[PDB]
Structures are given as structure tokens and as C-alpha cells.
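Descriptive analysis of the structure
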Number of protein chains: 2
Amino acid sequence: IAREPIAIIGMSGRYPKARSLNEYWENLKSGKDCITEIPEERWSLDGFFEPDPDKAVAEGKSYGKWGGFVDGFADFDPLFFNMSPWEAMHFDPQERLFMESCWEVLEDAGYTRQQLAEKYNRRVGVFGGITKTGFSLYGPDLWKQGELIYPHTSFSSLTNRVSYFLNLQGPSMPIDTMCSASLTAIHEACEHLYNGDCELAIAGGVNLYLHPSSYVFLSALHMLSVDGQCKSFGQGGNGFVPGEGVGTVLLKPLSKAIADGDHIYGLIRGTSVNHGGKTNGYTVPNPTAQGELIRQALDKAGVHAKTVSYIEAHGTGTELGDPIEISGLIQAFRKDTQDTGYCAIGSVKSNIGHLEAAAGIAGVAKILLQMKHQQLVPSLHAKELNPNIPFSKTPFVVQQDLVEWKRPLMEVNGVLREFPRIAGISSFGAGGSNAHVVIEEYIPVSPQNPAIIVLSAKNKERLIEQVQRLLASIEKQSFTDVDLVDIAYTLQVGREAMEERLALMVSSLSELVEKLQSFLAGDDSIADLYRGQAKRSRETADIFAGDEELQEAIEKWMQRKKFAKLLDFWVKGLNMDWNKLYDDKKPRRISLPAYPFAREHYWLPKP
Amino acid sequence: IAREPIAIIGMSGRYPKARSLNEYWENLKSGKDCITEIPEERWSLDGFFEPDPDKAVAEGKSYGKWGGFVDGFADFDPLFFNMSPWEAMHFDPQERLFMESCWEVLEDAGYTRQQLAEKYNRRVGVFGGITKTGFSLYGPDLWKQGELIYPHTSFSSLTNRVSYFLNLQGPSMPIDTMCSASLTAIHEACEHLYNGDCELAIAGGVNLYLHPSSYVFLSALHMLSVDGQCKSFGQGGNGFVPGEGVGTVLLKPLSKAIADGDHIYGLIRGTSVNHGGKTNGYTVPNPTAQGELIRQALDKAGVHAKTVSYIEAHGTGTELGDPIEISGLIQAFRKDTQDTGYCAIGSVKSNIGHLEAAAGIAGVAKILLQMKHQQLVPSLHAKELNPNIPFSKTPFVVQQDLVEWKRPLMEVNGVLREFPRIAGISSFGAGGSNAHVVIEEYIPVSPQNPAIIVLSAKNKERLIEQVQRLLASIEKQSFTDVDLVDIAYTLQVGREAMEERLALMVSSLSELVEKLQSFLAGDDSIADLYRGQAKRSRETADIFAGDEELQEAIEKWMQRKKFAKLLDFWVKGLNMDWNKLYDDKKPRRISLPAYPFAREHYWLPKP
């Protein structure tokens, strides 16, 4: 029997040359090649790089010097997370990026820690894909010099730190199935929702290259392309090029997501995992296993293969792997249809490289953005196709250009019928752990009644950045006055009230823009704008909170639109339940910029 | 609604001073303290050990020099696993131990890879607890000397290698929730059985200390006892002492285990996991979380707390942790009963130390052995109890001596009723990931018709060891002629036929003993005993296998008891289906010694 879909109600991500999901989409749309040489900051090429692959292996060197790298890999805001600068240095940057990403995904969804505790009794799971080690390798040389620095990678801490800080009591565990880690995390997250182990789940992954030995080892296994490219299904695919990233999604069963008014990116209709079993080699993929995997996900989802219109392939660009992936796909698909050339296929690995543990979540992000903008983006390095793959005899055509993503038409029974946009994504671990996920698009003020816009951050600098980023988002998302109430509501209930506070009473979006610009310009005496720190009136604020009579008065202030007094108190530290503003019709939560973390650089000292 | 229990149909384990489960039990029964100083083989104490704890931390040293260590930690039989000696050296010994343990657990259960493929379509999951890194830290010094040796710890490979070699296609993933890893693995294994992700599951864990930095780090966190003991619930508990181990269980739903005639160690009636959420410190356990965890497992199991008669506690022996564990337990228990002093409590950590990832499976092994022998063993270092814990006001009494384990009596409704032996086990990760499992005991030849005893190994040396170990087991398990048919059947269908073969036709157990002893003595011309290699008649054997007419003839040989010809051919490489021996009544599978792997030492070279 079929199960209800899992809604994706929040997403965060940083990928190569894409500090934000908006930049990620722009890069994907334009077919941007995000591969570069290793940054000197990570390590030097001298003594590391040897272009002759066989000589490189003989001399313990790497014949690859290319990768898709994330900017600010060592950036962190430890004060924000109640951590010391010294503590941060001990933390694997991968775990740091994931910490921020998990905070971001709650904010994207429009959730606070308080709401998760009150409404969901903290029943939130955290499933984090991770596989790379190497941070710890810097230890021994530091210890020889007497430094009391113990760099360590704790997979368990990847998720436990998040559960601790966000105050979550659902299952908290890392997923390491190598290259399929983050897609396996999504599978496990969904299954744990289905069996009631939690009511919400964070799923995702992270992948960074921190020590040069990672490249030396991949070279020793001849897994690297000498051309530094993932030529997904293209001629001359000869290995992969490594890549970095971090991403998460927030998951909740569809019926409840609709009931709670969440914004929905898409639906997970089915997921599957398996293992290849005994093949001709430990790292040799199994096309029969892959086909059964895909078929099971389709079956669980209730999806007919003729109605799948995009596949995000594993697609690492290997001579052996790429043709095997297509064999697996057609094995699954052909049980439903013999039709050919109707489904687009691609791989983001052609753009940003092989993100290993984070490859799945990166691919999911691509699918969701393709769904949002209803476009299919190019897949790179395959103008000439792998000649060993007979695509014309399969469902699949490698997407070469940016095009409209059209809803497909299938005959139910002599009647044409439009189907929604459905995509599949595969992720295959080198060790043989496989995962597949089937995703479907989601098809759903005045001076007399002004909006209350609130913003808050840990300090003035962060607050200013918040204002800048909100202004940019308003322009980028092409908001109008119709969106104002949603913006207000999201910032009200979807953001944690912090120390440095700002509040506005506005009648129009244009009004909001103007006052924020005046704020940034240094203008003061701005009409109906309030600034303050929560430390100013803390003793009084605490008295207000605990007191029945004083809370009633605040409620009356809200009922009678005494916003001047109300907003003045809020910026001074008085905490409110902004839901009290709304009698019956509650606005919707939408995506707005997450907290702009301090970008403080924390990386181990030279030995 | 309640779910049917998960049967434990196989178990393997190596623990400190216990190469076998039989030795493990003897140690537990006698209250043996298995803690020793660090073996010189692992690392030297010079430059490592400093008894002043605060001085040790200041100087990057360890104030602990004690542990529960497994013998043969670096032993492996790579040829057996189709691996090279060079390959083995690259493999983390933890992964090696787990590989052998997984092979052993199939054999204990009486399963072959072939049977798993034919009867269960390879739908077998592998869930392996692991958390320790350090093997890789030896890399940098080796690379400076130009060695092309890349020691690496791949959590994913822990399970993927097993899935590959054993040819399994169920979920294959490591579990790292720190100290609760292997108990979490059991939870995940059971849940994956319930949701149909597989039909059988291997669950367990492994834990080894391979690099001294592990102790230096535990010292830096002041987690080590200066007395090198886990004083579980005892006066002066002041930290833990580390410990090593590897263990696995094979799991299958009870109804099917009964149907297939498996031997059952016990029943998993309920399991639970959660996370502590926000506590006063990252490593500070949450008694309320623990109580809800335990209560959920009890609820899932349908177990009333008055009927639980033993708890295997996490019990690490810390000033803060031990009293919190009891608070959590009584919170769960008191929802069912206010009764006191009826349930025994203990921790194997008092015997073998804190096995971290493998602590859970070690505790499970203890519970099952206690159930098998219907005895409760001592818990050490608690003659004087922790004075901060008011045990007399709780259900619990620390087990001080070896005693009969009595089935408890509870009043259902004015009527006395005997209940089966039910135990709970807790495992708490330092990062806050918790697990609890509720386990219940399982309450179920002639010269004219001789038994066919078969043994086989990779070579003569291994075969000889097999014979020795079988003889020892016959004496140890106090078998009689009644057990002969089970022994025969288990060795027939529960063992993979290997290259070096031995077969006997016997009428009595005494006959079996005598002929095996003669074999070992070098006697030849032994009546009704056959020796051979499968390479001898390989070409002919292959012809026999593929041929319909020849197989019919073999079947007739079996039907007409032409064992002389039959056994002569089998030892020469002819493969048979021994089930053909049995018309209606099939004997039961029982526990017999697993394959005696070559003990070849593989450890990295000195830098």
C-alpha cells in the first residue's frame, strides 16, 4: 500500500561559486563551469602535484590539482553558537558548515527552536551525510611541536552538535555510505518519519577537502580525471574531479505541512536503498542492483516511468560507471514502457564536481530549483556523447541546453492526461551502497491596517547585514504589496528574537524599502521605526513575561493597534507572541534570507 | 499496536581475555577483572604516560595506562577473504575483526552465503557500530619516509566490505552515535526488518585503540579514571577505563525464525533511540530523555516494568552519570510500579571497560548468556555503593554475586503468574544519542541409519584446527547421541563446503569422537572416513553439477545409502544438497565452532 509523500518545507546550501541557492541556480542556468585549481590556502602544489599519473602514484603525489571548492570553508560564528574561538578551531570545518546550514534551514522553513519545542515536542531528527576525514591528520605534526591542539572529525558530532544546540530529541546520527551519504540520509529521514521516530527531520550532508592526502589517495586509486572534469555521459569520461558542498532539507509529512501552512519546495514520493552485493570488484557497480533500486523507489512512489521527465544521474563521468548507470535505469524503466527519448538526464557533477557525501543533496537542490523555475538546465562536457551508450534506444536524452521544463503527456486509457513534473535522483557509493529518490513538484495592508516588520541579530553589524540582505531579497524575488503580510508574518514567527532589535510599522512595500534604506543611510527620527537592545529593559521585560496582568495589557495593546508603545517595548527586550496580531486569517511563511553569520576565519596553525 | 518480536538467531564476539563467547561467560561468571596495562605492542608508555592528571593534560600526555584489550587485534586471514597481505595492512584492524565476526555469526546461525542468496534473495542488511579513528594518524610519518602506505578508516567500508564479500544486497551502513553505536545499530536493524528493507540483518559493532592520541584526548577531557576502573554505581566512580571488542548478532522476525527452525538466543521485544537535546553541557546526559527512551522501549515491547528482572546499565562509573542513569530508569519504571528492590542491575564495563561503539553489543552478549545459563553474574567495584544513589527507594539492586536468575512473579489480577526472564539494556552516547533495548528469553542414529559428518577448510592446517575445535565443543556442550543428528545437519547445511574436505559415517557420538581422535593422531585406513581436496576431481565435479542425469544418480545414491561412494566423491569436490538426506523430519541447526581463521599478524611498520 502506498504511503503519503514527504514534503520538503525548507532548504539551505552552499556550493562551489555559490554562497547562496540563488547563485547556485544562476550558475546552473548559465551552464557555469565551477571547477578551479586547488586554493593555495588549502595546500601548496609544490611537492603535491605531478602531472604524469603513473609517476605521481609512484611518488605519493596527486596527478589532479582541480576541484569545485566552497568559499569560506573555514568561516564560523562561534559566539553565535555559544562556542569559544579556541573551541571552533578544534571543530572540523565540515561540522561547522553543517551547524550553520541546519540553523539556516529552520529559518528558511520559518521555524524557531521554540516552535519546535512547543508545537512538536522537540521530535525532530537529524540525519547528516559525511564521509571525508583528513582534518585529524594535521594532529601529529602539531603534537611534535607541543601544541595542545587535537583536530578531530566526529561523524557523530556532526548531528549531535545540531541536536544539542537546536534542542532536538529525535534520532541524531551521521550517515556514511560514501558517495551516496546525503541521499541515504534523505531515505533514512523519510523512513524515520514514516515509523514515527520523529515528526520532522533535517537531512543533508557536507563534503570538504582539507588535507592533500585525500587527492593522493584518489590518485593512487586512479579515480581522478587527468582533465579535471566530470564528463557525465560524455565522450572521454576518464574519472571524476572532486567537489565541495553543504546542504540540508527540512522534511515533514505532506498532510501536516499543508495543515500548518508551510511553504513546500516539492514532494518526496518514494525512496530506496540497497547494496550491490558481490560484483567483479569492490568498487565495481552493479547495473542489476541499480535497476532494482530504481524500480523499488518508483513502485513505492506509485510512479509510472513514462511520467518521469527528468533524471539527475550519479553520473561521475567514468568509462565503466556511466554506461552501467544507463543500463540500470532502462532496466527499471522498461518494466513500464518501451518508449524512447522522452526523459531528460543530467548531472550537476559536470558543473561543480563530485561532492561525494554531499553529492545527493546538491542534486536534490538542483531538482527543486529546476521545479521552482520550471526549467531544465544544461549538463556539461557531453556535447559529444559517450559512444558506448546507445541513448537513442533508451528513454534518455542528455540535456544540452537551458529549456522550459514541460509537464509530460501520457495516455491513461485513450485520453490524453497532463502529469506533474517528476524527477528521479540516483547516488551510488563506491563501496556499493546505493540510493534513489523520486521527487514531484508541488502544485497548490494600509495605514488603517499596517504591517509590523521586525528584524533582530546578535549585534549592530549583523543587523545591518540583515537589512541589506532583506532589501536585496525583496528586489530579487520581485515582491509586491501582496507579499507584505507574508514577509511580516515570516519575520514575526519564523525568526528568533535576538539581542539587537529593529521594528517598523509600514503600509506598503515601497514604504518598507524606503525606511530600510534610510536606516542604512544613518537617517534618524525615521517615522514609525524603532531601535533597541533587549538588555535595556531586561529586568522589566522579565517581570512582564511572568506576569498574568501585564500580558493581558500587552494583548490589549495588540488588539487596539497601539503599535507605537508595543514596538518601543519589543525593541527594548519585551517578547511577544505575534500570532496574537491575527484573528482568523494567518498569512503564509515564505523563504527569506537566513542569519548572516559572522565570517571569522578559523583554521589550524602551520606546523 | 504491538509488533512481533525480532529473534536473535546468531551471535559472535571477541572481548578482553575472551577469544570466544564461552570464555566470555566463564569470565563473567567468575567476576573476572579483565583490565590490564596498555600492551607494549600498541605503543610505549615512555613519553605517553604521566600519572599526575593535570600535568599530563598540560604536557599532551595521558594519565591513564589501563584498558580492556582484545588479543589478536591485528590478526587476519586475508587469503580467506580473497585479499592480499598488502591489502590487509591498509585495512583498519577494526574492519578486519568485523569482517571475521560477520562470517562467524552466519556460521553460528547455521547459514551459508548460498542459502542467503537462494532462500532470501540476498535481502540481508548490515548495521555496524563504530566510532574510533586513529589508524589513519600513522600515515603522515610514513609518507615523510616515502612509503606508499595509506592507512585509512572507512566507516562505510566496515559494512560495505561485508555486504560485498557475503554477497548481501540489504542496507549496508555504519552507525556512529559514539558510545551507543552498536545498540543503535540493533535498533536500526530491527526497524529496517519491520519496514521490509531486508529479511535478515547483521547488527553489531567494533572498538579498538590503535593510536595513543586516543588516550591523550580522553585525558584532556578528564574522562579517564585515575584508578583505571569503571566503578559502575560504586563509591568513588571517577571516570571510565577504555575497552575493546567486536561482536555481532543475526536478526530475523520471530515467526519466520520458528518456521525455518533457527536456534534462538532470545527475543528483541522493543527498541528505542532519541537524543538528549539541550542540556547544561554537550556531554551532560539528560535523565528525563533517558526515562522517556526507556519508557518508549517498554511501551513498544508491551512490557510492564514490574516484570523486568535485570537491567544492563550504561554504567560508565562517573560521579555525574551513574546517578543520572538511575533517575532515568525510575522515571520510566514508576509509571508501572512503585515497588522496590526486585530488579537486578549491573554493567559489564566493570569487567572489561568502556567499549564505546561496541559497549552495547558486549552488553547484549552478556544478557543472552545470562539467559542461556539462567544466572545473573556479579557487577564489579561496587561492594560499597555510590552513596548519592538511594537504591533502596528504587526497583534496583546492584548484583554483587553469581546467583540463579529466577523468573519473577507478578499478580495479573489476584492470581500469581510467572513471567519470563526480561532484561533491558541502555547505551548512552557522550554526544547525547541514546538507545535502549528490551530482551526476553526464548521459551520453546544407528549402523542401519548412520549420520554423515562433514568438515572442510581452505587447507589441511585449518581443517585440523576445525577437528580439534569440534572435539572441544562436543565436550564443552555436553552433547549426547541425541544431539548427533543436529551436529550432522548443522555441518551439512550450515557450513560452506571448502577445498580441504573430510567426511565420516558414524553411528554414535562416541564413534565420532574416536574417529576424529584417530584422524588427529595420524592414523590412516580409518573405517568409513574419507579425505580429499576438491581440486582432485574438479573437471568431473563440474560435469556432474551441470548434468541432469548425473544428479539423479547422486540422488539415488543418497536414497539408497551408498555413502561410501557418495562421501568418496564429495571429498573429491563433488557438491551435494544434504537436504536430500531427509524425507520429512529435518533436524535443527545448533551452535558449533566457526571457521578457525589463520592468525597472521598485520600491523603497520615503525616509521
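Residues numbered from 1 in each chain as written, not as in the entry; some residues may be left out. Chains lettered and ligands numbered in written order. Heavy atoms only, no water.

Judging from the entry metadata, X-ray crystallography is the method by which this structure was determined, and 1.998 Å is the reported resolution.

Here we come to the overall build of chain A. Helices and strands together make up the secondary structure of chain A, namely 20 helices and 22 strands. Against the globule reference of 25 Å for 607 residues, chain A gives a C-alpha radius of gyration of 25 Å, in line with a compact fold. Principal axes of the C-alpha set define a box for chain A whose edges measure 75 × 75 × 45 Å. The buried share of chain A, reckoned over its 607 residues, is 63%. (Helix = DSSP H or I, 4+ residues; strand = E, 2+ residues; numbered from the N terminus. Rg over C-alpha atoms; globule rule 2.2 N^0.38 Å. Buried < 20%, exposed > 50% of the residue type's maximum accessible area, 1.4 Å probe, protein only.)

Right, let's talk about the domain arrangement of chain A for a bit. All names here are of chain A. Domain annotation for chain A reports domain 1 (1-485 + 585-607) and domain 2 (486-584). Its C-alpha centre places domain 1 at a distance of 37 Å from the equivalent point of domain 2. Contacts between domain 1 and domain 2 engage 46 residues on the former and 43 residues on the latter. Counting each side, the surface lost to burial between domain 1 and domain 2 is near 4300 Å², with a carbon and sulfur contribution of 63%. (Domains from an automatic or database assignment. Contact = heavy atoms within 4.5 Å. Buried area = accessible area lost by both parts, 1.4 Å probe.)

Moving on to the relation of the copies chain A and chain B. Once chain A has been moved 0.0 Å along the axis and rotated by 180°, it coincides with chain B to within an RMSD of 0.0 Å. On this basis, the relationship between the two copies can be described by a two-fold rotation axis. Residues of chain A ranked by C-alpha distance from the rotation axis are headed by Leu 137 of chain A, positioned 2.9 Å from it. Here 100% of the interface residues in chain A have copies in chain B that are interface residues too; the copies meet face to matching face. (Least-squares fit on C-alpha atoms.)

Per the counting criterion, the structure on display carries 70 salt bridges over all chains. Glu 511 of chain A is the partner of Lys 515 of chain A in a salt bridge, and the nearest nitrogen-oxygen pair spans 4.0 Å. You can see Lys 515 of chain A and its partner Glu 511 of chain A sitting in helix 17 (residues 509-521), four residues apart, about one turn around the helix. Since its relative accessible area comes to 11%, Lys 515 of chain A is described here as buried. In this structure, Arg 113 of chain B and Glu 496 of chain B form a salt bridge, with 2.8 Å as the shortest nitrogen-oxygen distance. A relative accessible area of 24% places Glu 496 of chain B in the partly exposed class. Linked through salt bridges whose partners overlap, the residues forming this network are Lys 119, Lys 252, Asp 260, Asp 262 and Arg 589 of chain A. (Salt bridge = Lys/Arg side-chain N within 4 Å of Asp/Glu carboxyl O.)

For the rest of this paragraph, the subject is the sheet that holds strand 19 (residues 451-457) of chain A. All names here are of chain A. Spatially, three strands are ordered 19-20-21 in an open sheet, and the strand pairing comes out antiparallel. Edge positions in the sheet fall to strand 19 and strand 21 (529-533), since each of these pairs with one other strand and no more. Across the sheet, the axes of successive neighbouring strands diverge by a mean angle of 15°, strand direction being ignored. Sheet strands touched by helix 17: strand 19, strand 20 (500-506) and strand 21. Its angle to strand 20, the strand with the most contacts, is close to 145°. (Pairing = 2+ DSSP bridges. Axes fitted to C-alpha atoms, helices over the stretch in contact; angles between N-to-C directions.)

Once that is clear, we can look at the interface of chain A and chain B. Listed per partner, the contact involves 64 residues of chain A and 64 residues of chain B. Both sides together, the interface formed by chain A and chain B hides about 4700 Å², and carbon and sulfur atoms give 54% of it. Our enumeration of links across chain A and chain B arrives at four salt bridges. Residue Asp 141 of chain B is joined to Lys 144 of chain A by a salt bridge in which the shortest nitrogen-to-oxygen separation is 2.9 Å. The interface formed by chain A and chain B contains 30 residue pairs in polar contact. Broken down by element, the residue count for the side of chain A that touches chain B peaks at seven residues, all from helix 7 (residues 155-165) of chain A. (Polar contact = N/O pair within 3.5 Å; in protein donor to acceptor, adjacent residues only side chain to side chain.)

In total, this model carries 59 aromatic pairs over all chains according to the counting rule given. Seen from their ring centres, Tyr 164 of chain A and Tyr 282 of chain B are 5.8 Å apart, and the 85° between their planes marks the pair as edge-to-face. Of this pair, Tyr 164 of chain A sits in helix 7 while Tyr 282 of chain B sits in the loop between strand 9 (266-275) and helix 11 (287-301), placing the two residues on different chains. Across the pair, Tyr 282 of chain B and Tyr 164 of chain A agree in class, each one buried. (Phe/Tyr/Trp six-rings, centres within 6.5 Å; stacked < 30°, edge-to-face > 60°.)

With that settled, consider the sheet that holds strand 13 (residues 396-398) of chain B. Residue and element names in this part refer to chain B. Here we have eleven strands laid out as an open sheet, ordered 6-5-7-8-1-9-18-17-10-11-13, and mixed in their pairing. Where the open sheet ends on each side, the last strands, each with one partner, are strand 6 (172-175) and strand 13. Averaged over all neighbouring strand pairs, the angle between strand axes comes to 25°, with direction disregarded. Relative to strand 7 (residues 200-207), strand 5 (residues 124-129) is paired through six bridges, and the arrangement is parallel. From the neighbouring strand, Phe 127 faces strand 7, where its bridge partner is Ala 203.

Before going further, it helps to examine the environment of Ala 541 of chain A. Residues and elements named next belong to chain A. As for its position among the elements, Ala 541 is in helix 18 (residues 538-546). Put simply, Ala 541 and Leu 484 are 57 residues apart on the chain and 29 Å apart in space, counted from C-alpha to C-alpha. Setting aside its immediate chain neighbours within four residues, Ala 541 contacts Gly 573 and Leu 574.

Looking now at the side chain of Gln 533 of chain A. Residues and elements named next belong to chain A. Tracing the sequence through the fold places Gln 533 in strand 21. Within the structure, the side chain of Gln 533 is placed 2.6 Å from the side chain of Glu 500, a separation counted as a polar contact. Residues within four places of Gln 533 in sequence aside, it is in contact with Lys 460, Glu 499, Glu 500, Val 571, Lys 572 and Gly 573.

Attention now moves to helix 9 (residues 213-220) of chain B. The buried count for helix 9 of chain B comes to six of eight residues, which makes it a mostly enclosed element. The elements touched by buried residues of helix 9 of chain B are helix 6 (139-144) of chain A together with helix 2 (53-58) and strand 3 (66-67) of chain B. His 222 of chain B lies just past helix 9 of chain B and shows a positive phi near 50°.

Turning our attention to the state of the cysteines. Residues and elements named next belong to chain B. This model, assessed by the stated rule, comprises zero disulfides over all chains. Summary of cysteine pairing: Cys 102 is not part of a disulfide, and the nearest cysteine sulfur, belonging to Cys 198, is at 13 Å. Overall, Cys 102 belongs to the buried group, its relative accessible area being 0%. (Disulfide = S-S within 2.5 Å.)

Now for the side chain of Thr 184 of chain B. All names here are of chain B. Structurally, the position occupied by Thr 184 is in helix 8 (residues 181-194). For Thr 184, a relative accessible area of 5% puts it in the buried group. Apart from residues no more than four positions distant in its own chain, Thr 184 is found in contact with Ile 175, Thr 177, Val 273 and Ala 435.

Residue and element names in this part refer to chain A. Within the fold, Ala 382 resides in the loop between strand 12 (375-376) and strand 13 (396-398). Between the alpha carbons of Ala 382 and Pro 5 there is a distance of 34 Å; along the sequence they are 377 residues apart. For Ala 382, the residues in contact, after removing those within four places along its chain, are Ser 232, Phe 233, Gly 234, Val 398 and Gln 400.

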